[PDB]
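Structural description and commentary
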Amino acid sequence: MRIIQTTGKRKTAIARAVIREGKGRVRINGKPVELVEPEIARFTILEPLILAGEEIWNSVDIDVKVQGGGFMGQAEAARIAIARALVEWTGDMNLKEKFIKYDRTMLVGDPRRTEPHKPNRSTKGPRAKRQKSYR
Amino acid sequence: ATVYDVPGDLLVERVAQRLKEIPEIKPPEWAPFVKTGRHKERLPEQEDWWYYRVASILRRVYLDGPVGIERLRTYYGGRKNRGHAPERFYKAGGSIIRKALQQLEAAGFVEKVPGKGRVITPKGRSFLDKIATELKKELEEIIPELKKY
Amino acid sequence: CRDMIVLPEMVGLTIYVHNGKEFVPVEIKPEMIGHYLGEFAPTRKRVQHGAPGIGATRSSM
Amino acid sequence: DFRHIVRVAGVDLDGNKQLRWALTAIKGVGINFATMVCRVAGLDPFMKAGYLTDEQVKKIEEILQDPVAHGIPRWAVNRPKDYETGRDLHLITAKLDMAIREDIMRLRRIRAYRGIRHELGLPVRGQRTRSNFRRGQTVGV
Amino acid sequence: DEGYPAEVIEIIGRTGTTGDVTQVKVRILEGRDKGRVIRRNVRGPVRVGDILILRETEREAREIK
Amino acid sequence: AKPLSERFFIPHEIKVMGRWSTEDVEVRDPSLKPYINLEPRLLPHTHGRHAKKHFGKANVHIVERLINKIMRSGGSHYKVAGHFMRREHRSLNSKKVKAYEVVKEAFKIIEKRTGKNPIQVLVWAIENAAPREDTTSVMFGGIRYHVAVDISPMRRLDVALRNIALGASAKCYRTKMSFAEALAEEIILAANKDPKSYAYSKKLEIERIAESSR
Amino acid sequence: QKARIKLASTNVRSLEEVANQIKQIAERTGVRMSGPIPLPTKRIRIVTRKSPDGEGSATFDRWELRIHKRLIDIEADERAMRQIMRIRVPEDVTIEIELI
RNA sequence: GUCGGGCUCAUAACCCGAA
RNA sequence: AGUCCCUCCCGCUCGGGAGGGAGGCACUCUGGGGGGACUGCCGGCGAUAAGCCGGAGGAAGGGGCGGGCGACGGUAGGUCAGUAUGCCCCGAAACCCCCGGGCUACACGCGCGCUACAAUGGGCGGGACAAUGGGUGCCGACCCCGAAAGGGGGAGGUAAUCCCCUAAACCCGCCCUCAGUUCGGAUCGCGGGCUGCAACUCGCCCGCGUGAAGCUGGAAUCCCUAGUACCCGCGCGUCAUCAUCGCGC
Ligand SMILES: [Mg+2]
Ligand SMILES: [Mg+2]
Ligand SMILES: [Mg+2]
Ligand SMILES: [Mg+2]
Ligand SMILES: [Mg+2]
Ligand SMILES: [Mg+2]
Ligand SMILES: [Mg+2]
Ligand SMILES: [Mg+2]
Ligand SMILES: [Mg+2]
Ligand SMILES: [Mg+2]
Ligand SMILES: [Mg+2]
Ligand SMILES: [Mg+2]
Ligand SMILES: [Mg+2]
Ligand SMILES: [Mg+2]
Ligand SMILES: [Mg+2]
Ligand SMILES: [Mg+2]
Ligand SMILES: [Mg+2]
């Protein structure tokens, strides 16, 4: 009974995924992945499964728990977790080489974070400033 | 099949239609005349909005119980247009929510946990999950990917 | 006492309400019931404007 | 059956509009109050105004004559606790205008601060007047 | 009517009032002077291996310092 | 309204938005070919990772470039067809989901109206809207003069995309037409060289001014 | 039959020293001692305008005070409780002992 | 010609709007 | 998360879910210590120096990214109305308290913003996903009453334990269809509340009614190079009550 765990992060969202042999069921916080909305979020999660192919997809079950961030941050973190779990579970280098070509961030992640805000119109952002007048 | 397996809005619609058969669910006498909160502008446009609100509250108790009036008031609030001032968030009122919870308890679907709020009874869980099963059966005729679940 | 509320027993009397520098006379009528006394003793003088001075416009400075 | 113009309480109403929005052409009746009166009359707020009958128009005029006695709550009328009689009243058109004029005149007769603000045409609800509320032409130096 | 394509082979330098122009050497690929190398002034980012569509091939830019 | 089969759509192949393949799409102009990216890809959303590196935008799929182009207000500090179009609190700045849906609906309308693959029609439009000659400014005696120059292919592509977006923006401003319909109309008109297209007319005007200043 | 020890300080080194001494005492005897658990640091940030007057560009100071914390569990045995009760922490350290 | 606003450290010249 | 027990649901149970308890520190997280990047490796330009340009590998590549720390001086720049201080003045008032006013006035010129002029929308019902901070002169779950604002009781919390705290922009369905309108919400009438010793001058909130200018802006002119700008809400300061502001998320 194999159980494999993986982790993914994207701008304060954190996702933990578990994978084992199954029938093709993928749930996100208890919901089937086929019913995630909006469509742009749904396609974000589904890309690694489509890349892997129908044979591999239908032979496993994946459960993902994700918290923090927003609806686009959570989709990308789950995508990273699923891709890492798929490369570790099947252990073949053609699929891993396929992920790096299509999207490197799938396996290496994204380190970007918000820049802290500064005085002169602090609430708007680090660089935006008040309009300047001379008379 | 459970509540977790179907889209929320479609389930609320089906449950609202099925709730009209329970004699213990009846709109109050002031229902024709009120708004649902200080952040709204106009009255509800559906003549049968009471049943939709009751069904939404029941599904909310199912998913997040035990839960009380104040937190539900947070959930049903929203953004308000304030004329020349910027928009802001505000809570909803309490009379609608409290009356809906009392009616649901009268029907036996929810019950009171002391100092903690209200929770779904086995009868209410069966009532919701049966309708969810029926909706999922119809749903997977046109989305074959939902048969595996 | 500018914050005193006018009551029905005060109707018919005359009361001198301070406005900052002088006591001004107020005669209580029945339709005054429920209003503060200060509402009938203005504290500011009506404005009658004169000619704008030097610096009142960009080209006058 | 269909009429393009229907007169209700002495106002010509559009016949192609929904009843709830058509009723707002009356001064004294906004959308919320109009929906309330449509619901009390037992009429669909979304039906076209041009399908009304004579008995329905009579019933609407009766409701507008005395809404409180027909089941509309006392907190929904535009003149609760009338200054003269003390009842909860609702007014439309000329009566509404004359009641407002009487209120302002009563303020002016006792020489209250608000009445003086009304007379001089200046803001009455505590606003600052140095910067905004300018209506005129520039003075020269 | 459809211009003549030319391939950039060397970058010379920046010019223009605000530095917005680049001078290059190009080789004509089609037409009467196919094979001729001429220098031209270009607006926009450009690198070795790009292809321009000249509407005529008889004007040559003045050599810059 | 929208059928449930379209609300919950599950694709199984790698193609643009799970609905259109670009295998038969051809690019006729030899200068624009290495800069119009058509490599197979399902979701056109790269999260702005290309702008940091020089010439990075070359390897960005053309549909995502179009989506990025429409995610804007339109008329901030210059006039389009005689007007500023300042939309502010009701613009599409930073709302990528709505722009994505606009592009999707425009593609469906295009395919229904012409019977061809929408990507091909878009390619034809950008080919017809890309200028070949422009001008640079000089100053003498307090008078401004034009001098004709050539245009690099990346700038040609950027200008064509910008003008297509601006034409669509102008066609839906304070009129009964919707944004998706206006975009489909602008693309179709530019594909056929109709002077009713904003981008094609702009393209002709730029070339005329460049020609008369050699 | 277990005692809970809470520690707090503005200095990391002293806090570490006290925890290590308690750990040595718990090692010197047959007794299990749950390791020192680090609780989140408390941060006190105050932002102030720099100039005494109001002329010139506005500029600000961001002053910070940091208070570190630890938690230690041990089983209340008198042979071990006497040694820990006779330890003296530096004056810049708060120590609180309770029995649960 | 009158009044108001731009440009300038400021004034003159210059630009814009209005009656 | 995997594992054991108990209870309740579903297509009646081969299978799929949800609570509670035993149990564990795996995973997330918290915070002490350590590793990692050096123009180190490769190819060019320059001199064979200083360096520069382009590649690999890499979480990260050329002050890696964002901040704190501002030399000798000048500016008779600002501040004696934060506190310290020389001289000159008042010293039965220019010192000390109490009451009522004023700083909130209004033909008009200007700065910085907010809300709009609508479909790249307005309304009505339904569905989603945060982080920073703060709490005993206080934060208050949970129950009851009220149409709303609010009112009556009150668990837990001196806090990784309890609370503020189920954000909005976004998505689904229906009405409106280019109109000064179902756009906009200034202005005003009547009524209901809260804080406070006091609400007229001169506070904030809620219900019904009322419905001004505005249909994209001359000459000019501002901010910004990446998780940046735009768009969206939220926390803290001030604070009895009061945020179109400041500092942050
Ligand atoms: Mg930011
Ligand atoms: Mg909502
Ligand atoms: Mg608005
Ligand atoms: Mg706003
Ligand atoms: Mg001058
Ligand atoms: Mg640095
Ligand atoms: Mg000086
Ligand atoms: Mg000065
Ligand atoms: Mg002042
Ligand atoms: Mg409106
Ligand atoms: Mg809504
Ligand atoms: Mg109107
Ligand atoms: Mg009043
Ligand atoms: Mg007042
Ligand atoms: Mg007008
Ligand atoms: Mg218009
Ligand atoms: Mg201030």
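In case you missed it, the structure is sitting above this.
Residues numbered from 1 in each chain as written, not as in the entry; some residues may be left out. Chains lettered and ligands numbered in written order. Part of a larger assembly, values for the part shown. Heavy atoms only, no water.

**Some details on the overall build of chain E**
Counting secondary structure elements, chain E contains zero helices and four strands. The C-alpha atoms of chain E give 12 Å as radius of gyration, which agrees with the globular expectation for 65 residues (11 Å, within 12%). Considering chain E as a whole, with its 65 residues, one finds that 37% of them fall into the buried category. In chain E, the share of contacts with a sequence separation of at least 24, taken over all contacts with a separation of at least 6, comes to 39%. For chain E, the exposed surface amounts to about 4200 Å²; the carbon and sulfur share of it is 41%. Charge separation in chain E, taken as the distance between the mean sites of 14 positive and 12 negative side-chain charges, equals 5 Å. (Helix = DSSP H or I, 4+ residues; strand = E, 2+ residues; numbered from the N terminus. Rg over C-alpha atoms; globule rule 2.2 N^0.38 Å. Buried < 20%, exposed > 50% of the residue type's maximum accessible area, 1.4 Å probe, protein only. Contact = heavy atoms within 4.5 Å. Areas by Shrake-Rupley, 256 points an atom, 1.4 Å probe, with all protein chains shown as cover. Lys, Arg positive; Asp, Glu negative; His and termini not counted. Charge placed at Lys NZ, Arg CZ, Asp CG, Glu CD.)

**Focus on the sheet that holds strand β1 (residues 4-15) of chain E**
In any sheet, the strands associate via hydrogen bonds between backbone groups, in a parallel or an antiparallel arrangement. Pairing is mixed across the open sheet formed by six strands, whose spatial order is β4(E)-β1(E)-β2(E)-β3(E)-β4(F)-β3(F). A strand with exactly one partner marks an edge of an open sheet, and here the two such strands are β4 (51-54) of chain E together with β3 (133-140) of chain F. On average, adjacent strands in this sheet sit at an angle of 45° to one another, irrespective of strand direction. Both strand β3 (residues 37-43) of chain E and strand β4 (residues 143-151) of chain F contribute to a ladder of two bridges, which runs parallel. (Pairing = 2+ DSSP bridges. Axes fitted to C-alpha atoms, helices over the stretch in contact; angles between N-to-C directions.)

**Some points on a nonpolar patch on the surface**
A cluster of nonpolar side chains, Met 4, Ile 5, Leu 7 and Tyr 36 of chain C, forms an exposed patch at the surface whose accessible area comes to about 350 Å². Here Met 4 of chain C is to be found in the segment before β1 (14-18). (Patch = residues over 30% accessible without salt bridge, like charges linked within 9 Å, V, L, I, M, F, W, Y side chains within 5 Å. Salt bridge = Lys/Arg side-chain N within 4 Å of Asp/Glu carboxyl O.)

**Considering the pattern of salt bridges**
All chains considered together, the criterion is met by 64 salt bridges over all chains. Ionic pairing is found between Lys 148 of chain B and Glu 34 of chain A, a salt bridge with its closest N-O pair at 3.9 Å. Of this pair, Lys 148 of chain B sits in the segment after α5 (122-139) while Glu 34 of chain A is found in the loop between β4 (31-32) and α1 (39-52), placing the two residues in two different chains. Relative accessible area serves as the criterion here: at 25%, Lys 148 of chain B is assigned to the partly exposed category. In this structure, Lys 27 of chain D engages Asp 97 of chain D in a salt bridge whose closest nitrogen and oxygen atoms are separated by 2.9 Å. With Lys 27 of chain D in the loop between α1 (19-22) and α2 (31-40) and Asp 97 of chain D in helix α4 (residues 94-109), this pair connects stretches of sequence that are 70 residues apart. Given a relative accessible area of 29%, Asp 97 of chain D falls into the partly exposed group. Counted as one network, the salt bridges with shared partners bring together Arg 40, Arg 55, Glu 56 and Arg 59 of chain E together with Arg 132, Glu 133, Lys 203, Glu 207 and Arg 214 of chain F.

**Considerations on the protein's contact with RNA strand H**
The full set of residues close to RNA strand H is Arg 135 of chain A, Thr 57, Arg 58 and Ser 59 of chain C together with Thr 138, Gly 140 and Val 141 of chain D. Considering the 4 Å shell around the protein, atoms of RNA strand H inside it are sugar or phosphate in 81% of instances. Side-chain polar atom of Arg 135 of chain A to a phosphate oxygen of RNA strand H: 3.0 Å apart, as the coordinates give it. Here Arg 58 of chain C contributes a side-chain N or O atom positioned 2.9 Å from a phosphate oxygen of RNA strand H. The residue makeup of the surface near RNA strand H, split by class, is one nonpolar, four polar and two charged. (Near = heavy atom within 4 Å. Polar contact = N/O pair within 3.5 Å; in protein donor to acceptor, adjacent residues only side chain to side chain. Nonpolar A, V, L, I, M, F, W, Y, C, P; charged D, E, K, R; others polar.)

**Let's talk about the packing of aromatic side chains**
The final tally for this structure, using the stated rule, is six aromatic pairs over all chains. Directly above the aromatic system of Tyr 62 of chain B lies the positively charged group of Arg 125 of chain B, at a separation of 4.9 Å from the ring centroid. Geometry around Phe 46 of chain D places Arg 20 of chain D over its ring, the cationic atom sitting 4.1 Å from the centre. (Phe/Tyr/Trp six-rings, centres within 6.5 Å; stacked < 30°, edge-to-face > 60°. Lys NZ or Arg CZ within 6 Å of the ring centre and 35° of its normal.)

**Side note on the interface of chain A and chain F**
With 20 residues of chain A at the contact, the number on the chain F side is 22 residues. Where chain A abuts chain F, roughly 2000 Å² becomes buried across the two surfaces, and 60% of that area is made up of carbon and sulfur atoms. On the chain A side of the interface with chain F, the three residues burying the most area are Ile 40, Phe 43 and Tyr 102 of chain A, jointly 31% of the side's total. At the junction of chain A and chain F, the tally comes to five salt bridges. Taking the shortest distance from any N to any O, the salt bridge between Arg 19 of chain F and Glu 39 of chain A comes out at 3.2 Å. For the pair chain A and chain F, the interface holds ten residue pairs in polar contact. If you list the elements that add at least two residues to the side of chain A that touches chain F, you get α1 and α3 (71-90) of chain A. No other element matches the eight residues that α1 of chain A contributes to the side of chain A that touches chain F. The residue makeup of the side of chain A that touches chain F, split by class, is nine nonpolar, two polar and nine charged. (Buried area = accessible area lost by both parts, 1.4 Å probe.)

**Describing the protein's contact with RNA strand I**
By nearness alone, 209 residues border RNA strand I, and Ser 122 of chain A, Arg 88 and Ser 126 of chain B, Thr 43 of chain C together with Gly 28 of chain D come closest of all. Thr 129 of chain D places a polar main-chain atom, nitrogen or oxygen, 2.9 Å from a sugar or linking oxygen of RNA strand I. Within the backbone of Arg 90 of chain F, one N or O atom sits 2.9 Å away from a sugar or linking oxygen of RNA strand I. Per-class residue counts for the surface near RNA strand I are 55 nonpolar, 65 polar and 89 charged.

**Let's talk about the interface of chain E and chain F**
Taken together, the contact pairs 20 residues of chain E with 25 residues of chain F. Across the chain E to chain F interface the summed buried area is about 2000 Å²; carbon plus sulfur atoms make up 51%. The interface formed by chain E and chain F contains four salt bridges. Where chain E packs against chain F, one counts twelve residue pairs in polar contact. Within the residue set of the side of chain E that touches chain F, elements represented by two or more residues are β3 and β4 of chain E. For the side of chain E that touches chain F, the element with the highest residue contribution is β4 of chain E, accounting for four residues. By residue class, the composition of the side of chain E that touches chain F is eight nonpolar, four polar and eight charged.

**What to know about the sheet that holds β4 of chain A**
All names here are of chain A. Pairing in this open sheet of five strands is mixed, and the strands run β1-β2-β5-β3-β4 from one edge to the other. The two strands at the open ends of the sheet, each matched to only one other strand, are β1 (4-10) and β4. Pairing analysis gives three bridges linking strand β3 (residues 26-28) to strand β5 (residues 60-67), with the strands arranged parallel. Residue pairing across strands places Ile 28 opposite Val 64, the latter belonging to β5.

**Here we look at unusual backbone geometry**
Look at the link from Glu 37 of chain A to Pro 38 of chain A: it is a cis peptide, with omega at 0°. Here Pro 38 of chain A shows up in the loop between β4 and α1. A cis geometry characterises the amide bond from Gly 65 of chain B onward to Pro 66 of chain B, with omega recorded as 0°. Relative to the assigned elements, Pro 66 of chain B resides in the loop between α2 (49-64) and α3 (69-75). Despite not being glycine, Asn 29 of chain A has its phi angle at roughly 50°, a positive value. Its location among the elements puts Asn 29 of chain A in the loop between β3 and β4. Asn 29 of chain A sits in the partly exposed class, given a relative accessible area of 42%. The residue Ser 94 of chain F is not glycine, and still its phi comes out positive at about 60°. Structurally, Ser 94 of chain F is set in the loop between β2 (83-85) and α3 (96-114).

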